[PDB]
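**Student:** This structure is in structure tokens; I'll ask about it shortly.
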Amino acid sequence: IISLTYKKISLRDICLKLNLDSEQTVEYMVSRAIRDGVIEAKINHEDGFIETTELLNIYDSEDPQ
Amino acid sequence: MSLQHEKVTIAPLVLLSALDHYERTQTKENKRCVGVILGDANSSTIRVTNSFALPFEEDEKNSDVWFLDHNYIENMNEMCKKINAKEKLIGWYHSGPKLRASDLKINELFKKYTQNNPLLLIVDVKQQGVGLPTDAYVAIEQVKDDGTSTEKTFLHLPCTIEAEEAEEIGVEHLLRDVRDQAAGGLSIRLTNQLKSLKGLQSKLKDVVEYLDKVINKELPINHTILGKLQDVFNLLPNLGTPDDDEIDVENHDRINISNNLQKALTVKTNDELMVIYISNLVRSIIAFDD
Amino acid sequence: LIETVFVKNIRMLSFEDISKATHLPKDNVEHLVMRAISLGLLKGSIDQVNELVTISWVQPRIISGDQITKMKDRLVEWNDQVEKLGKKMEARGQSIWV
Amino acid sequence: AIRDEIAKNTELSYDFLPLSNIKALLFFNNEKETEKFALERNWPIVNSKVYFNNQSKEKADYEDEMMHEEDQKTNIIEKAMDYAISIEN
């Protein structure tokens with residue numbers, strides 16, 4: 001939910017929203033989860049936020065086949 | 001005189017005629033047959049309506065020695081003029097397996113009767129190849145950039161076949177076959193597809209080994225042959241361009257209609273599925289009284 | 001300019017390669033290309049934003065001993081390419097060749 | 001076991017961590033252990049930035065190097081051939 005609603009959101013805010021313990025703790029969550037593709041995002045470790053990568057419009061890709 | 005031979009339409013009647021005359025003189029073992037070609041000219045398409053044989057004995061010591069009856073020709077022409085008066089000399093057919101350079105001197109002889117540029121129609125009587133058994137040529141004068149003066153030479157004319165409405169239905173009456181080159185049903189175009197692709201693959205193989213024969217075996221260099229290959233390379237399609245991405249998008253669209261129509265027919269057949277089963281229930285009642 | 005496009009199998013050139021060949025600034029590569037179009041010795045269009053000259057048509061010219069070899073190899077690649085591909089097409093759709 | 005699992009996940013997340021940020025996440029007690037672990041796992045540390053993307057390229061290349069491959073991905077021609085022959089039985 002947090003990733004869909006806020007495209008770019010610092011881990012700091014997620015801690016506030018979902019009461020996670022620290023920046024690290026949620027970092028680990030996302031890191032494991034995107035290997036599975038659940039969240040479908042990429043982390044910005046230097047800038048301190050999660051940047052979502054879902055954008056859509058695969059009627060330019062070859063996906064429909 | 002002129003070049004107006006851009007298309008040559010050939011009646012199927014003439015091809016059948018050519019084989020009949022070839023056998024009824026029984027010219028075999030590298031003997032030739034020559035007959036006149038009658039038909040229209042002064043039109044970009046050349047219409048081959050009719051032919052008739054001329055007596056022509058071709059030597060076996062040489063190819064430069066032949067007998068041809070000039071007096072015969074006019075008589076055949078005036079008679080056929082009485083039948084239909086749209087027929088004039090437009091050339092002569094040679095029935096050899098392939099082309100000769102002693103046909104050039106014969107070509108010049110028929111230039112006298114014509115008011116067009118003589119068509120040499122090599123009617124093959126060997127039915128070689130799955131495509132046409134006709135190549136066409138017309139004798140034309142050129143100079144060329146090599147340093148060659150006043151050449152006479154034969155330039156290939158693309159060959160096509162047209163037939164009249166009465167003529168075409170005669171074929172249909174005679175034959176009932178379904179034609180390995182036909183583009184009919186799904187299975188038939190599937191066969192045409194693989195046949196067409198391998199057709200190109202054969203011709204391209206010849207060019208590659210023809211190029212070797214120029215540059216190691218000293219076949220002649222000509223700018224008409226090199227120039228055509230240049231065109232191929234210059235207008236060659238390219239992929240990964242924005243043209244390619246639109247193709248793929250056009251390609252999903254066609255895959256989309258197919259998927260819709262696949263689902264549509266499942267509904268119709270499932271309707272039949274039910275109705276066989278209802279009919280069974282009724283027929284069970286009938287069977288019990290029976 | 002006509003030479004470099006034809007002999008290459010690519011038909012896009014960065015101005016950097018043309019500038020170093022003809023010893024021109026970028027100002028004059030843009031004229032040179034423009035003149036080729038006016039005369040009709042080449043036809044194409046320009047990206048001064050990609051900084052390419054994308055040529056799309058080359059005038060046929062005389063073809064010499066060296067070029068025939070270049071022309072030839074291009075034809076071998078395409079000839080082999082149909083042949084490998086036609087095997088798949090023989091293999092696929094086996095049931096129906098009717 | 002914990003280090004390798006974290007090592008996999010971090011490839012997706014980003015392309016580089018400074019050396020210090022690697023040591024905390026992948027649980028070491030020496031910075032020299034961190035760097036040696038990276039070399040053996042096929043990450044280059046060049047200017048104190050790891051390049052997770054090396055090993056992933058290398059694994060991916062291997063897959064394309066073996067050949068089982070044309071039909072698993074299924075060409076365009078293959079799909080269209082399949083349609084017609086299902087109908088025509």
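Identifiers for the structure tokens are assigned positionally: chains receive A, B, ... in sequence, residues are indexed from 1 per chain, and ligands are indexed from 1 in the order shown.
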Would you give me, as a PyMOL selection string, the residues in chain C that DSSP reads as alpha helix (DSSP H)?

**Tutor:** chain C and resi 2-7+15-22+26-39+65-91

**Student:** For chain A, list the residues within 6 Å of chain D, counting only C-alpha atoms, and write the list as a PDB file with C-alpha atoms, in the first residue's frame.

**Tutor:**
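Final file, out24.pdb:
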ATOM      1  CA  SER A  31      14.992  -6.075  -0.106  1.00  0.00           C
ATOM      2  CA  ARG A  32      13.690  -9.627   0.419  1.00  0.00           C
ATOM      3  CA  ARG A  35      13.462 -10.592  -5.158  1.00  0.00           C
ATOM      4  CA  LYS A  42      14.078  -0.465  -6.223  1.00  0.00           C
ATOM      5  CA  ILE A  43      15.802   1.046  -3.172  1.00  0.00           C
TER       6      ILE A  43
END

**Student:** Please return, as a list in words, all residues of chain A that DSSP assigns to strand (DSSP E) on the basis of the backbone.

**Tutor:**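 Of chain A, only residues 8, 9, 41, 42, 43, 44, 49, 50, 51 and 52 of chain A fall in strand (DSSP E).
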
**Student:** As a count of residues only, please: the residues near residue 58 of chain A (cut-off 12 Å, only C-alpha atoms, same-chain neighbours under 6 positions excluded).

**Tutor:** 5

**Student:** With only C-alpha atoms as the basis for distance, which of B:224, B:265, B:253, B:187 is at the shortest distance from chain D?

**Tutor:**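 Result for the nearest residue to chain D: B:187.
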
**Student:** Counting only C-alpha atoms, collect the residues of chain B whose closest atom lies at most 7 Å from chain C, and write them out as a PDB file with C-alpha atoms, in the first residue's frame.

**Tutor:**
ATOM      1  CA  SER B 187      -3.223 -26.106 -45.252  1.00  0.00           C
ATOM      2  CA  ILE B 188      -2.639 -24.844 -48.797  1.00  0.00           C
ATOM      3  CA  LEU B 190       0.920 -23.258 -45.271  1.00  0.00           C
ATOM      4  CA  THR B 191       2.472 -25.227 -48.098  1.00  0.00           C
ATOM      5  CA  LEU B 194       7.381 -22.917 -47.080  1.00  0.00           C
ATOM      6  CA  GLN B 201      16.751 -19.560 -51.034  1.00  0.00           C
ATOM      7  CA  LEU B 204      20.208 -16.473 -53.858  1.00  0.00           C
ATOM      8  CA  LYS B 205      22.500 -19.514 -53.750  1.00  0.00           C
ATOM      9  CA  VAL B 208      26.778 -16.263 -54.540  1.00  0.00           C
ATOM     10  CA  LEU B 211      30.032 -13.956 -58.118  1.00  0.00           C
ATOM     11  CA  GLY B 227      23.640  -2.522 -60.169  1.00  0.00           C
ATOM     12  CA  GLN B 230      23.229  -2.670 -55.054  1.00  0.00           C
ATOM     13  CA  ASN B 234      20.115  -0.129 -50.223  1.00  0.00           C
TER      14      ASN B 234
END

**Student:** Within 10 Å of chain B, which residues of chain D show up? Give each one with its shortest atom-to-atom distance in Å (one decimal) and the two atoms involved, counting only C-alpha atoms, rows by chain then rising residue number, as a Markdown table.

**Tutor:**
| residue | atom | partner | partner_atom | distance |
| --- | --- | --- | --- | --- |
| D:76 | CA | B:251 | CA | 9.5 |
| D:79 | CA | B:255 | CA | 9.9 |
| D:80 | CA | B:255 | CA | 9.0 |
| D:81 | CA | B:190 | CA | 8.7 |
| D:83 | CA | B:258 | CA | 9.4 |
| D:84 | CA | B:186 | CA | 7.1 |
| D:85 | CA | B:187 | CA | 8.4 |
| D:87 | CA | B:186 | CA | 9.3 |
| D:88 | CA | B:187 | CA | 7.6 |

**Student:** Could you turn the residues from that selection into a file that holds C-alpha atoms, as a tab-separated table (two decimals), in the first residue's frame?

**Tutor:**
chain	number	residue	atom	x	y	z
D	76	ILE	CA	6.61	-15.80	-33.30
D	79	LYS	CA	3.11	-19.63	-32.21
D	80	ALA	CA	1.41	-19.13	-35.57
D	81	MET	CA	2.34	-22.61	-36.75
D	83	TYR	CA	-2.62	-22.36	-34.22
D	84	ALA	CA	-3.21	-23.68	-37.71
D	85	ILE	CA	-2.33	-27.29	-36.98
D	87	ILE	CA	-7.54	-26.63	-36.20
D	88	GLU	CA	-6.72	-28.89	-39.08

**Student:** Tell me, as a list in words, which residues lie within 7 Å of residue 48 of chain A, counting only C-alpha atoms; anything in the same chain fewer than 3 positions away does not count.

**Tutor:**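 Here the qualifying residues turn out to be residues 10, 11, 44 and 45 of chain A.
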
**Student:** Only C-alpha atoms, please: the residues just picked out, written as an mmCIF file, in the first residue's frame.

**Tutor:**
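Contents of the output file part.cif:
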data_model
loop_
_atom_site.group_PDB
_atom_site.id
_atom_site.type_symbol
_atom_site.label_atom_id
_atom_site.label_comp_id
_atom_site.auth_asym_id
_atom_site.auth_seq_id
_atom_site.Cartn_x
_atom_site.Cartn_y
_atom_site.Cartn_z
ATOM 1 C CA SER A 10 11.688 7.816 2.757
ATOM 2 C CA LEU A 11 11.943 4.782 5.024
ATOM 3 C CA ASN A 44 17.747 4.325 -3.247
ATOM 4 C CA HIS A 45 20.221 3.751 -0.424
#

**Student:** Kindly give the distance, in Å, that separates atom CA of residue 102 of chain B and atom CA of residue 11 of chain B, rounded to a single decimal.

**Tutor:**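 Taking atom CA of residue 102 of chain B as the start and atom CA of residue 11 of chain B as the end point, the length is 26.8 Å.
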
**Student:** Work out how far apart atom CA of residue 238 of chain B and atom CA of residue 51 of chain C are and give it in Å to one decimal.

**Tutor:**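 Atom-to-atom, atom CA of residue 238 of chain B and atom CA of residue 51 of chain C are spaced 20.2 Å apart.
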
**Student:** Excluding same-chain residues fewer than 6 positions from segment 2-8 of chain A, what lies within 9 Å of it counting only C-alpha atoms, as an mmCIF file with N, CA, C and O atoms, in the first residue's frame?

**Tutor:**
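Saved to part.cif:
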data_model
loop_
_atom_site.group_PDB
_atom_site.id
_atom_site.type_symbol
_atom_site.label_atom_id
_atom_site.label_comp_id
_atom_site.auth_asym_id
_atom_site.auth_seq_id
_atom_site.Cartn_x
_atom_site.Cartn_y
_atom_site.Cartn_z
ATOM 1 N N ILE A 14 7.714 5.471 6.470
ATOM 2 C CA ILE A 14 7.105 4.156 6.614
ATOM 3 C C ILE A 14 7.162 3.702 8.066
ATOM 4 O O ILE A 14 6.200 3.129 8.590
ATOM 5 N N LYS A 17 4.372 5.327 9.644
ATOM 6 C CA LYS A 17 3.052 4.882 9.213
ATOM 7 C C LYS A 17 2.721 3.503 9.760
ATOM 8 O O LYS A 17 1.621 3.279 10.279
ATOM 9 N N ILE A 39 6.627 -6.306 -4.156
ATOM 10 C CA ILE A 39 6.538 -4.857 -4.075
ATOM 11 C C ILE A 39 6.852 -4.229 -5.424
ATOM 12 O O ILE A 39 6.238 -3.233 -5.813
ATOM 13 N N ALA A 41 9.787 -2.738 -6.728
ATOM 14 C CA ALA A 41 10.401 -1.429 -6.540
ATOM 15 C C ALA A 41 11.921 -1.576 -6.598
ATOM 16 O O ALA A 41 12.450 -2.672 -6.802
ATOM 17 N N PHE A 49 15.220 6.679 0.226
ATOM 18 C CA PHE A 49 13.812 6.406 -0.028
ATOM 19 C C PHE A 49 13.697 5.178 -0.912
ATOM 20 O O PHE A 49 14.681 4.682 -1.465
ATOM 21 N N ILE A 50 12.462 4.705 -1.048
ATOM 22 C CA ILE A 50 12.116 3.626 -1.960
ATOM 23 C C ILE A 50 11.388 4.246 -3.141
ATOM 24 O O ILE A 50 10.453 5.036 -2.964
ATOM 25 N N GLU A 51 11.849 3.913 -4.340
ATOM 26 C CA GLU A 51 11.355 4.489 -5.580
ATOM 27 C C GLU A 51 10.672 3.390 -6.380
ATOM 28 O O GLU A 51 11.330 2.443 -6.825
ATOM 29 N N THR A 52 9.365 3.526 -6.574
ATOM 30 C CA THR A 52 8.578 2.469 -7.192
ATOM 31 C C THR A 52 8.793 2.468 -8.700
ATOM 32 O O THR A 52 8.954 3.518 -9.328
ATOM 33 N N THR A 53 8.791 1.269 -9.279
ATOM 34 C CA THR A 53 9.131 1.081 -10.680
ATOM 35 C C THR A 53 7.963 0.631 -11.535
ATOM 36 O O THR A 53 8.132 0.465 -12.749
ATOM 37 N N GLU A 54 6.792 0.422 -10.952
ATOM 38 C CA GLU A 54 5.630 0.056 -11.741
ATOM 39 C C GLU A 54 5.161 1.288 -12.488
ATOM 40 O O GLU A 54 4.873 2.314 -11.865
#

**Student:** At a cut-off of 9 Å, using only C-alpha atoms, what residues contact residue 15 of chain B? Leave out same-chain residues fewer than 3 positions from it and give the result as a list in words.

**Tutor:** residues 10, 11, 12, 18, 19, 20, 123, 124, 125, 133 and 134 of chain B

**Student:** For the residues selected in the previous step, produce a file with N, CA, C and O atoms as an mmCIF file, in the first residue's frame.

**Tutor:**
data_model
loop_
_atom_site.group_PDB
_atom_site.id
_atom_site.type_symbol
_atom_site.label_atom_id
_atom_site.label_comp_id
_atom_site.auth_asym_id
_atom_site.auth_seq_id
_atom_site.Cartn_x
_atom_site.Cartn_y
_atom_site.Cartn_z
ATOM 1 N N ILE B 10 0.775 -13.942 -72.794
ATOM 2 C CA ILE B 10 0.843 -15.077 -73.697
ATOM 3 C C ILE B 10 -0.397 -15.928 -73.471
ATOM 4 O O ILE B 10 -0.686 -16.321 -72.336
ATOM 5 N N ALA B 11 -1.149 -16.181 -74.541
ATOM 6 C CA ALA B 11 -2.315 -17.041 -74.428
ATOM 7 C C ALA B 11 -1.881 -18.476 -74.143
ATOM 8 O O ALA B 11 -0.897 -18.954 -74.717
ATOM 9 N N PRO B 12 -2.600 -19.196 -73.280
ATOM 10 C CA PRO B 12 -2.276 -20.617 -73.062
ATOM 11 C C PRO B 12 -2.420 -21.447 -74.317
ATOM 12 O O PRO B 12 -1.795 -22.510 -74.429
ATOM 13 N N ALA B 18 2.524 -24.974 -79.425
ATOM 14 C CA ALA B 18 3.958 -25.105 -79.693
ATOM 15 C C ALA B 18 4.435 -26.535 -79.502
ATOM 16 O O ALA B 18 5.223 -27.052 -80.304
ATOM 17 N N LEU B 19 3.978 -27.190 -78.439
ATOM 18 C CA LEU B 19 4.391 -28.563 -78.200
ATOM 19 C C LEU B 19 3.841 -29.487 -79.279
ATOM 20 O O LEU B 19 4.509 -30.449 -79.668
ATOM 21 N N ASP B 20 2.653 -29.180 -79.806
ATOM 22 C CA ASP B 20 2.026 -30.041 -80.804
ATOM 23 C C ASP B 20 2.777 -30.008 -82.118
ATOM 24 O O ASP B 20 2.936 -31.037 -82.785
ATOM 25 N N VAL B 123 9.891 -20.809 -76.432
ATOM 26 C CA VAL B 123 8.929 -21.723 -75.838
ATOM 27 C C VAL B 123 9.680 -23.004 -75.513
ATOM 28 O O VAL B 123 10.100 -23.736 -76.413
ATOM 29 N N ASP B 124 9.864 -23.267 -74.223
ATOM 30 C CA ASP B 124 10.507 -24.497 -73.799
ATOM 31 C C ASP B 124 9.537 -25.653 -73.987
ATOM 32 O O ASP B 124 8.373 -25.585 -73.582
ATOM 33 N N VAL B 125 10.029 -26.711 -74.612
ATOM 34 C CA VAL B 125 9.264 -27.924 -74.826
ATOM 35 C C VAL B 125 9.772 -29.031 -73.911
ATOM 36 O O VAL B 125 9.438 -30.199 -74.086
ATOM 37 N N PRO B 133 7.394 -22.000 -68.319
ATOM 38 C CA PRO B 133 8.265 -22.582 -69.338
ATOM 39 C C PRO B 133 8.580 -21.581 -70.439
ATOM 40 O O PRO B 133 9.047 -21.970 -71.515
ATOM 41 N N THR B 134 8.306 -20.297 -70.201
ATOM 42 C CA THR B 134 8.612 -19.240 -71.157
ATOM 43 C C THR B 134 9.554 -18.217 -70.538
ATOM 44 O O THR B 134 9.260 -17.661 -69.474
#

**Student:** Could you list the residues in chain A lying within 9 Å of chain B, using only C-alpha atoms, and format the result as a count of residues only?

**Tutor:** 7

**Student:** Contacts of segment 173-180 of chain B at 10 Å or less, counting only C-alpha atoms, minus same-chain residues fewer than 2 places along, as a list in words?

**Tutor:**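 The residues satisfying every condition are residues 130, 168, 169, 170, 171, 182, 183, 184, 188, 189, 191, 192 and 195 of chain B; 98 of chain C.
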
**Student:** Mind dumping the selected residues with N, CA and C atoms as a compact mmCIF listing (two decimals), in the first residue's frame?

**Tutor:**
# COMPACT_ATOMS: atom_id res chain seq x y z
N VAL B 130 9.43 -25.32 -62.08
CA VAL B 130 8.05 -25.30 -61.60
C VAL B 130 7.34 -24.02 -62.03
N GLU B 168 -10.12 -19.03 -71.03
CA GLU B 168 -9.83 -19.45 -69.66
C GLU B 168 -10.76 -20.57 -69.23
N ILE B 169 -12.05 -20.45 -69.57
CA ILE B 169 -13.02 -21.44 -69.15
C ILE B 169 -12.80 -22.77 -69.85
N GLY B 170 -12.18 -22.76 -71.02
CA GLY B 170 -11.78 -24.02 -71.63
C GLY B 170 -10.80 -24.79 -70.78
N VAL B 171 -9.86 -24.07 -70.14
CA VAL B 171 -8.88 -24.73 -69.28
C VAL B 171 -9.60 -25.39 -68.12
N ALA B 182 -1.11 -23.25 -55.28
CA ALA B 182 -2.31 -22.50 -55.01
C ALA B 182 -2.28 -21.92 -53.61
N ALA B 183 -2.98 -20.80 -53.44
CA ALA B 183 -3.13 -20.15 -52.15
C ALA B 183 -4.60 -20.23 -51.82
N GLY B 184 -4.99 -21.37 -51.26
CA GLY B 184 -6.39 -21.62 -51.01
C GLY B 184 -6.64 -21.63 -49.53
N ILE B 188 -3.20 -25.08 -47.47
CA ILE B 188 -2.64 -24.84 -48.80
C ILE B 188 -1.72 -23.64 -48.79
N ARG B 189 -2.10 -22.59 -48.08
CA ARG B 189 -1.20 -21.47 -47.92
C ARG B 189 -0.02 -21.83 -47.01
N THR B 191 1.54 -24.63 -47.16
CA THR B 191 2.47 -25.23 -48.10
C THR B 191 3.07 -24.18 -49.03
N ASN B 192 2.26 -23.21 -49.47
CA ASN B 192 2.79 -22.12 -50.29
C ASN B 192 3.86 -21.35 -49.54
N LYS B 195 7.06 -23.21 -49.49
CA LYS B 195 7.50 -23.32 -50.87
C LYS B 195 8.06 -22.00 -51.39
N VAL C 98 -0.01 -30.30 -46.86
CA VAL C 98 -0.92 -30.92 -47.80
C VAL C 98 -1.29 -29.93 -48.89

**Student:** Just give me the gap between atom CA of residue 2 of chain C and atom CA of residue 225 of chain B in Å, one decimal is fine.

**Tutor:** 20.8 Å
